[PDB]
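Participant: Model the following, please.
(7 chains)
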Amino acid sequence: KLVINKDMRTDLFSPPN
Amino acid sequence: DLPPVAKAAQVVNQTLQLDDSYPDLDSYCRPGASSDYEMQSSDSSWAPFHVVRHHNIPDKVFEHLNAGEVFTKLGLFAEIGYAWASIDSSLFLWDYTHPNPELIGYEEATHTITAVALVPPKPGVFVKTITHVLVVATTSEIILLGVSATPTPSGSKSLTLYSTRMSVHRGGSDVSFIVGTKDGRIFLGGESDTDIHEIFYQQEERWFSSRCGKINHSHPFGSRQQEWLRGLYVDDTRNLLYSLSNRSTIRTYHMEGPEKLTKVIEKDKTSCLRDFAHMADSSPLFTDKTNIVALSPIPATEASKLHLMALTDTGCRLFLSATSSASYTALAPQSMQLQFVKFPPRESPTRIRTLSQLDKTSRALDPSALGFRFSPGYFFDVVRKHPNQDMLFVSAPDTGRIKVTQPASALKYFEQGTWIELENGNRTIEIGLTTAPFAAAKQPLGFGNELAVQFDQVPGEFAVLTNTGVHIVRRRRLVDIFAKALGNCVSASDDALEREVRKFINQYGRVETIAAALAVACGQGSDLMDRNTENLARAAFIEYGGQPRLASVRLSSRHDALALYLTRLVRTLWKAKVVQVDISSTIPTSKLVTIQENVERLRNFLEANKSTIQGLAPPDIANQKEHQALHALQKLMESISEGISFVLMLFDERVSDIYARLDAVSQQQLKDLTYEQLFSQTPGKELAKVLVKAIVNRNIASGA
Amino acid sequence: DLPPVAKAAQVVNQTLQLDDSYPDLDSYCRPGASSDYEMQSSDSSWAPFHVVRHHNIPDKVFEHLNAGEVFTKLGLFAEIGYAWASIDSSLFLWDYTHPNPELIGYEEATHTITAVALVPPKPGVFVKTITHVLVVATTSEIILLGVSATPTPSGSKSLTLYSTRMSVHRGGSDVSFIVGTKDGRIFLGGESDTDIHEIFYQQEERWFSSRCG
Amino acid sequence: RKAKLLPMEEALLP
Amino acid sequence: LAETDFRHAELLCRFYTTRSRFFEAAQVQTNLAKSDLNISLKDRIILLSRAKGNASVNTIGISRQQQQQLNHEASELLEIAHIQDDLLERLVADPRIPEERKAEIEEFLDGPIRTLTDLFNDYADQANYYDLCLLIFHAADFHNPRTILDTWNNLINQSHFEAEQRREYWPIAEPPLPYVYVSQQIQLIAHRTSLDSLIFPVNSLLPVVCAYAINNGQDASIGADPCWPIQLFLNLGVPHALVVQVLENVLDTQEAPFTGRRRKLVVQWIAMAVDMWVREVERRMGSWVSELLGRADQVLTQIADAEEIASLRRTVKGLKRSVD
Amino acid sequence: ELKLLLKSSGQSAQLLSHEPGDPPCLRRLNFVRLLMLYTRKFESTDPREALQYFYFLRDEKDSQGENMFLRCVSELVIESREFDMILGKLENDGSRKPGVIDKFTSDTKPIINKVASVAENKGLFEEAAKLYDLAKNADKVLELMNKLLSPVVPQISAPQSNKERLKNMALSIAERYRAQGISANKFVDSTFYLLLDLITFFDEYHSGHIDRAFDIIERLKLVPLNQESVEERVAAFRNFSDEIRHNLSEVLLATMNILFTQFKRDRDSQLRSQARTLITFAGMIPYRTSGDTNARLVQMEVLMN
Amino acid sequence: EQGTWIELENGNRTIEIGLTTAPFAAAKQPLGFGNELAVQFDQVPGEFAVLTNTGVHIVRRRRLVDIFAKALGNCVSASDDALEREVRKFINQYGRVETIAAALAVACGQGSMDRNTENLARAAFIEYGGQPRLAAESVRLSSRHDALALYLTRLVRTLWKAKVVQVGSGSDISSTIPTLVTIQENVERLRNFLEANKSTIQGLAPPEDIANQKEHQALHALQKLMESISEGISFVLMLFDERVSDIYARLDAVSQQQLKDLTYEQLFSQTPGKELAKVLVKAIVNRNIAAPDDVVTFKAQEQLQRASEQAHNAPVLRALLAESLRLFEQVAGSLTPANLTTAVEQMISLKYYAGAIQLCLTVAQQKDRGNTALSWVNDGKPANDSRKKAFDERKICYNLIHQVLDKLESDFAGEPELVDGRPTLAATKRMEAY
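Facilitator: Residues are numbered from 1 along each chain as shown, chains lettered A, B, ... in the order given. Here you go, the structure:
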């Protein structure tokens, strides 16, 4: 079961908080 | 200040220099020793070589061979795809690529044939259509035959023989080895003694000199002990000739002139052993009992110092340097020294898949019966542990690891290896190269860069002649391995690809790996499921391409991969002159077409994924310069395609006619116009606008 | 001028000559003295050597060792991967690479064993399946045994002993040191004096000589 | 079939 | 004790396997990898790898269906866990990623096995890990011919770039030519995919590789075997009868880059493929192959390297005899 | 032999006939049939003489293209089964004593494959191997030799058994294929020498030479013994010949039973660790009798602890 | 010297120390003898058994590649400019070339996560390999190139100058079979690493200029040697896989004596070595019969050889003959006089007269499609012209046709043209031929 969702992710190249 | 195509051209120029800085052989085979191998199963997608097809010996040759009264022999003409078999005084040639070949028989000879070879002709002697000379040595004489090996529509040379009236009586010395130089010089040796003879021949008959002569270059006399030859080896790049004796003595001869041959070095096994003892690592694999079974010259284009590889019967590769006493008067060397040793691998071949010090004791290649080396280091070893079945060890330099290794002092002779099994009864006889000699550059630095030439020359193929047939072995490129590995990931998870990709990154680095994915995505390797493999390659290019970052910016590995791939597609063009003045084109038209197709397929790939590939669509300073850099590369691609189309248009007309009706400055500008200037510099564009304005003028005169 | 694989073969030849020109011992140990060292911690990544495994002495010889009355001794046959222990007039061999080794014993000796060694055999004396000769020196005799260390089949060489009917009186001079040459010559020495003795042994029985001297 | 050996005249120039 | 101690569940699995209750062991090993217990990902790879083995062989009493029902579940997870592991390994070593985020990733990935959706979006696709994106499509039975092919194109190009940058730099050892590294990245998928038709469609991928071999000039110019795209797919296990079926489709359509005098190379591929086919039949096809080789000859005359073509025509006409 | 006999083009016609496009006053003889009848009488126990008459058909072919003389020698060998006499016996020392057909043509590669081809199609592998090996066609020899070995890999090699009679011929083909440097493609060849090693692994295992047998399996790197090698060994199993995957069940059990025996005789930790390795490998591999095997493997590991 | 202290845990006394591996020797004379670096891939590292009263401890010598690999292992988690620091230690001791050669070796799987280490080694090989420059035309190649030549040389040092075979009367191979396989696997690993990083290795991809160009040329040369080395070894393994001495016994003397003193160097990089390989394969092909052009020719000889090995079965014999002819004709233009003659003779022996003639005509027409011969005869056969060759290659075919017709009337001397009315088989072959 795979579902691509380019819309809302988490910037892999920016730190958190 | 600097426009897009000029910016991208700067990246190309710096990428070309990076590929041409690939370490030279002397730099990673420094004095010392190595046992670095990564072994691969022959059925693995990571295998460095693999068998692609086999060609049985024709049944009629078996009829003649088993009809042999005293003596038979087999050999290879791999340069033209032919094999041959001699039976007593009769010789039979045939094209082994053909499925049902006809036998070219030659039975004029009166005595037993002892050697046969195919050499280049002496210039200015024969009609241009004669491509080779066939040398046939018997126990009574040596015979020269003209050969014309013209290619056919099927892809296999058509062979026709010509008589010459050129022959000489052999004499008392056996002839078992014949070698030819680039200039058509023919050298002979055998199993009677260590003397080297040369055959001369000329077109004109004279009252004081025959059309064909023979001389002994060794000038022997006095007391001589028993010793004979095991092989002869030529290196045209150094004008050298090497002989190997049955006592493992290596003799070096220098061709100081078109008719001279001078012995300049003689190095016996004791000397090799003394050098070996002075090395840090001595080994029981090389002693006074050990035999040297084969030599392989290393050309000056590949390495300056290392001249020669010598293979022991224990499987050790001895790399010898040679040096001249002076720097000026070709210059002949006067000394030879064993400098570096590559010791055998440890893994033995197995039916079932089995699971940091210098390994100097492995017996895996013991005994080595036959050995061959081809630039940039492809090594074939016939290991004969059992008297019925040969095992083939085949290895290549780990080009990916050598290219990434840093610093230079950490360079070692890393290798990828594999075992190819031949069936019971297959005795290997000879191995020869079927494709053009490998060369990624014109000097040692850059010479061995397999990665750079993945798309400019076909992978090397090697014909392995046995007593039952000819097996074709092909070198596998990174893109071949990457495509095959991805083909196994078609039925697996998102994490299955990431795992396989990480193997490639750890060996080749991220840029080279992503460049391979881009290439596979563009259809490279498909000349060999395929839509899914290309779609997986696309997924790898997107997901693992990285991103741009502040250190002046560091562009993503996805960008460098695109620049690397594009550069390698045009490396044969960039710095080359467009024309050669009767004006003609430097690059053959057929080559310009394939290059253009490759560039266009790359462009088509970027367009079909403008929405999914990061940086193509417009987007903070990092992603900005990423977009600008990628944009500049794409503008260079379309400029490259336009430039190539312009050159093709030009030579479809009558350029010499256009060149005549032209001013001197524009003739001179066209004389030294490079493809780089045409693609990325205004003067090339301005000159292009002049040429089009001139060709149409001429086209109107023809008025088609 | 020269083709590609020919230029490369030249570099290889030169490279070979470079490695074979590595300095000889005489030229970096010239008359004089030296104290040049770079020391490395045992656990360092630069350590020139390191321990790779250890093999405990099997318990069945620890029992025999404590059963000793007067003399015990240990020794090594590193070239075939065997160790040995003598207890008085008894001898025990075992393969130390093996985890649960069998004891190969030889207890025919009448007097205390003082030295044992593993030596190449003299050519043309024994059947080809005999790889070595086991010399056992007691306070009374020097005994020769045939040995086959053939590689059945996985780790160390399976080992079998053969009697030879070859023995010499030990004489007055103790034997603590036994060495052998390439060609099977056997030399002896010890702690009674500086004299060096040699053992000859032959195939034939002759009336005037003996098989073993 | 014995290979047809074309003549020297064609082979060597001029 | 297995419920709260990994190293005690180890014995229970050993208890069953010495008694030869193999299913019951894989039943625990699988149920343990799916657990909420503090177990490293690389251990869960061992668990599922042992579970896959223990559930591969019959065990007395337990059905064949329940045996495969467990082997299939364990095998699926192992494929995913391998992606997740190979993904984490690459993300951590990725210079493009901040050292602050890498710790946030490692805690999330280095433990239980996540969904392919999580692995694809928040990680694999962003980093442009095209090779691992394909493995996810395969492991997810992802039905879409285009995106699969688009990802293959990006994977080939990014691979070509990394190899051309290396060759330009040479970088400790002489790096490989571009097509070699591209060939490696396909083999890596091919073995790992097990040659599924969805993510490895020779119908489309082989033209792409053959196109890349032209548009990026990986040919005799750089010393490469001109037939390296064919040699790649054949040796990977692709049927000869299919490769020749594709080259047939390429030679007729004449869609770029397979146009003009570049079709001389298409025939060379066809000669190599068919030659390797008859040599593989004579070691151990119909009218349509003979129809092709003869039609391939028109191309060589239509193109009439004057000696290369001539020698090639006589290699084609040789194969036409070998088939008829 | 005087160009006076009027042969009948078609071989499907009667013995005597008048061609339709010829004058009625002349007749034609189906010469091919004529000899074919005469030969059948004495072709069964007098082959040598038959060939002498088949030679006159050398100049004719059939509808399928085969050379009539060559085809007649194929049919005569398939029926008479006179291989040593007519084709030349290839001894187990590497010699090829020529046969009676060698006199008539030196290209004996096709028919030896023709005769070898049918005998292969009739499940007579042990013969097809000897015949293919006579023509030095190692691609087929090793292929068939792979099929004949896999069933007998774990079996007990006993005097005059089918294992000895096949192992001993395989070894006589391994020497002659190494001494002469012959080999098939690495797939066929790798499997062939791999089986030969396994056959040695069980011959040592069934003899009680546990130490020696353990060493062999370790070299092959077929079964992982340290946890680190599991990933790569598992991937290799996917592309290894099914003649190998078939015998994986017996290999794991023998290897386990080997460690099992050595345990009853630190080292304990090492065997315990290796025991685990075999299980996880078998757990991740779908293979023959994985049910019974995976269970037994786990039980033997429990008794160790 | 490099030294260290090893503590074996207390209370045990050392008794003896012995060598377990084969005695070390890099050369056979004092010069080169002690070069550990040259043999770290040929020889097992020295192992030593240390006997104490509690047990035997095993001590192993660590090579350059072992130290380099483990040191890199300490740089995985560590920084970026920490690698540069660690590499410089190696450079200041072993030299740049030796250091980079070690990185190459570790990148290729040599050495004592292992993937991170190999990737790190690869990175060092790239970033620290240096570059080509011109001296004071002449160019100094990069350390990356020297490293590659150094690593490759050490892999083949045992066999490079060695004779391929040993002859007592028809027998042996100098280098063992298992060692040739490992040498091959090692070389193929190297080659693979180069391709798998064609893009990022500087000098591998195509290209102040003269420097980078000659760098590119030298690296290309090295790579062609590798595949040649692989082919060569693959060839020798094939030799001793077939019946070898059987070939040798049925050879010439120049062919027998060339094979005698044939070195691996010659096989790898000299023409006479390639030529002899061709001779040998040719022999084993025309014996199982006893490039689609060079492949077909072999199968044709195999078909014709099997035909002659028959009991005469019109179906089988005719099939083999018909097919043999079919195949030969496909490669007519490439057939050599020796192969044609033998083929025709074999066909003549099997009464295949027409077939033999048809092959000769076909071969004549293929070696001259421009009819240079017809014009050379129509021009009076001017000496010094270069159509003679074209005419000679047809005359060899025409002569063989004479032999066929000659042998035909000979074989059927006394045979009647008619028997019982209709034509014999001997008559029909006369008509079919003519």
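Participant: Buried residues, the strand or helix carrying residue F:300. List them.
Facilitator: Applying DSSP states H and E as the criterion places residue F:300 in helix F:290-304. Within helix F:290-304, the residues scored as buried using 16 or more other C-beta atoms under 10 Å in any protein chain shown are F:290-302, F:304. The C-beta positions use only the backbone N, C-alpha and C, and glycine is treated the same way.
Participant: how about that helix, does it get close to chain B?
Facilitator: No. Against chain B, helix F:290-304 shows no contacts by C-beta under 8 Å from any C-beta of the partner chain, the least distance being 15.6 Å.
Participant: elements contacting that helix?
Facilitator: Where contact means 3 or more C-beta pairs under 8 Å, 6 or more residues apart in numbering or on different chains; DSSP states H and E, helix F:290-304 is packed against helix E:6-18, helix E:22-33, helix E:41-54, helix E:64-92, helix F:248-264, helix F:267-284.
Participant: In JSON lines, list these along with mean neighbour count and distance to chain C.
Facilitator: Listed next are the helices and strands packed on helix F:290-304 as JSON lines, based on neighbours: other C-beta atoms under 10 Å in any protein chain shown; distance: least, C-beta to the nearest C-beta, whole Å:
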{"stretch": "helix E:6-18", "mean neighbour count": "20", "distance to chain C": "20"}
{"stretch": "helix E:22-33", "mean neighbour count": "26", "distance to chain C": "27"}
{"stretch": "helix E:41-54", "mean neighbour count": "27", "distance to chain C": "24"}
{"stretch": "helix E:64-92", "mean neighbour count": "23", "distance to chain C": "22"}
{"stretch": "helix F:248-264", "mean neighbour count": "20", "distance to chain C": "7"}
{"stretch": "helix F:267-284", "mean neighbour count": "22", "distance to chain C": "4"}
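Participant: Turn those into a markdown table, including distance to chain B.
Facilitator: A markdown table is the format used below for the helices and strands packed on helix F:290-304 (distance: least, C-beta to the nearest C-beta, whole Å):
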| stretch | distance to chain B |
| --- | --- |
| helix E:6-18 | 20 |
| helix E:22-33 | 14 |
| helix E:41-54 | 10 |
| helix E:64-92 | 1 |
| helix F:248-264 | 7 |
| helix F:267-284 | 8 |
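Participant: For chain A, what lies in contact range of chain E?
Facilitator: So chain A meets chain E at A:1-6, A:9-10, A:12-16 (C-beta under 8 Å from any C-beta).
Participant: Most neighbours among those, please name it.
Facilitator: The residue in these with the most neighbours, by other C-beta atoms under 10 Å in any protein chain shown, is residue A:12 (22 neighbours).
Participant: Is the top strand by length along chain C positioned near chain F?
Facilitator: Longest strand in chain C by number of residues, with DSSP state E as the criterion: strand C:158-169. Yes. Residues of strand C:158-169 contacting chain F under C-beta under 8 Å from any C-beta: residue C:158.
Participant: Show the subsequent helix or strand relative to that strand.
Facilitator: strand C:177-180.
Participant: Paired strands for that next one, with orientation please.
Facilitator: For strand C:177-180, the pairing partners within the sheet under DSSP bridges are strand C:186-189 (antiparallel).
Participant: Tell me which stretches of chain A form helices.
Facilitator: Shown for chain A, no helices are assigned by DSSP state H.
Participant: residue closest to the middle of it?
Facilitator: Nearest residue to the geometric centre of chain A (C-alpha atoms, centre = their mean): residue A:9, 2.1 Å.
Participant: Single out the residue in chain A that lies closest to chain F.
Facilitator: residue A:1 (22.8 Å; C-beta to the nearest C-beta).
Participant: How far does stretch E:309-317 sit from its chain's centre?
Facilitator: 34 Å (C-alpha atoms, centre = their mean, to the nearest Å).
Participant: That stretch near chain G anywhere?
Facilitator: Yes. Using C-beta under 8 Å from any C-beta, stretch E:309-317 reaches chain G at E:311, E:314-317.
Participant: which neighbours does the longest strand of chain C have in its sheet, and in what orientation?
Facilitator: strand C:141-150 (antiparallel).
Participant: List the buried residues in the partner strand.
Facilitator: Applying 16+ other C-beta under 10 Å to strand C:141-150 flags C:141-149 as buried.
Participant: One more: stretch E:246-265?
Facilitator: E:246-248, E:250-251, E:256-258, E:260-265.
Participant: now swap in stretch B:299-319 and tell me
Facilitator: Of the residues in stretch B:299-319, those buried (16+ other C-beta under 10 Å) are B:299-319.
Participant: Can you pick out the ones from the residues of stretch E:309-317 next to chain G that are in helices?
Facilitator: Per DSSP H, the residues of stretch E:309-317 next to chain G map to helices at E:311, E:314-317.
Participant: how about the CA coordinates for stretch B:221-233, as CSV?
Facilitator: C-alpha atoms of stretch B:221-233 as CSV (Å, rounded to 0.1, in the frame of the first residue of the first chain):
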residue,chain,number,x,y,z
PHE,B,221,78.7,-17.4,-31.4
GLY,B,222,81.0,-19.5,-29.1
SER,B,223,79.7,-21.5,-26.1
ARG,B,224,75.9,-21.5,-25.7
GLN,B,225,73.8,-23.4,-23.1
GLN,B,226,70.3,-24.7,-23.7
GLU,B,227,67.6,-22.1,-23.6
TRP,B,228,64.7,-21.2,-25.9
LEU,B,229,61.7,-18.9,-26.0
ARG,B,230,58.2,-19.0,-24.6
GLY,B,231,56.8,-15.9,-26.3
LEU,B,232,57.5,-12.6,-28.1
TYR,B,233,55.9,-9.3,-27.3
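Participant: sorry, back to before: which one of the buried residues of helix F:290-304 is nearest to chain A?
Facilitator: residue F:290 (27.2 Å).
Participant: residues touching that closest one, list them.
Facilitator: E:22, E:53-58, E:67, E:71, F:249, F:282 (C-beta atoms under 8 Å, 6 or more residues apart in numbering or on different chains).
Participant: what does residue B:63 give?
Facilitator: F:102, F:105-108, G:289-290, G:301, G:304-309, G:346.
Participant: interface residues of the stretch 451-600 of chain B facing chain F?
Facilitator: So the stretch 451-600 of chain B meets chain F at B:466-469, B:471, B:488 (C-beta under 8 Å from any C-beta).
Participant: between those residues, which is closest to chain D?
Facilitator: The closest of these, once distances to chain D are taken by C-beta to the nearest C-beta, is residue B:469, at 22.8 Å.
Participant: before we move on, the earlier item: now for the helices and strands packed on helix F:290-304, which one comes closest to chain A?
Facilitator: helix E:64-92 (8.1 Å).
Participant: right, and the helix or strand after the closest one?
Facilitator: helix E:99-109.
Participant: Following element in sequence after that following helix, please.
Facilitator: helix E:116-119.
Participant: Which other helices and strands does that following helix contact?
Facilitator: helix B:494-508, helix E:64-92, helix E:130-139.
Participant: Is the shortest one in proximity to chain A?
Facilitator: Yes. Using C-beta under 8 Å from any C-beta, helix E:130-139 reaches chain A at E:136-137.
Participant: anything in that helix near chain F?
Facilitator: No. Judged by C-beta under 8 Å from any C-beta, helix E:130-139 and chain F are separated, with a smallest distance of 13.2 Å.
Participant: How about that helix and chain B, touching?
Facilitator: Yes. Interface with chain B: helix E:130-139 contributes E:130-139 (C-beta under 8 Å from any C-beta).
Participant: Would you point out which residue of the stretch 401-550 of chain B is nearest chain A?
Facilitator: Closest point on the stretch 401-550 of chain B to chain A, by C-beta to the nearest C-beta, is residue B:547, at 5.1 Å.
Participant: if I pick that residue, what's in contact with it?
Facilitator: A:12-13, B:556, B:614, B:622-623, B:626, E:96, E:127-128.
Participant: before we move on, what about residue B:444?
Facilitator: By C-beta under 8 Å, 6+ apart, the contact set of residue B:444 is B:24-26, B:301-304, C:11, G:132, G:141, G:145-146, G:149, G:214-215, G:217-219, G:221-222.
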